[PDB]
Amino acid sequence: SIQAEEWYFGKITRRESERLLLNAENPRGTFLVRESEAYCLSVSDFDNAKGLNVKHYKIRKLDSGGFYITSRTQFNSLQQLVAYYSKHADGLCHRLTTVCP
């Protein structure tokens, strides 16, 4: 199920996700998917005026079933959405490089 995915962290808070993502070993683009406290994608990123920071994206769910962050691309599962943005940032701050430990 989704709970067998190592990138899925359940219903954690934004503060907890930033605490998990932002340590000094996690590379730029480390990420996790969490349930909204429908899902949220949280990604670490670096910029000079901010340093290493987390961006949070809402993953919207269609009534017909698919998921999307931009209307430009939609997916039938969270697994396909994570696969796509691991290959292409395509508007996200950074490509998904590393599953958060």
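Heads up, when I say rigid core I mean the largest set of C-alphas that superpose within 1.5 Å between the two forms. All residue numbers are counted from 1 along the displayed sequence.
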Which of 26-34 and 45-53 strays further in 6 other deposited structures of this protein - Cα RMS after rigid core alignment: 45-53
Between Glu37 and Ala38 - deposited residues without coordinates, as a size class: 4 to 9
Mean CA B-factor: is it higher for 91-99 or for 1-9? 1-9
Of the two stretches 70-78 and 43-51, which shows the higher Cα B-factor on average in the entry? 43-51
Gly65, C-alpha B-factor rank within chain (lowest, middle or highest third): highest
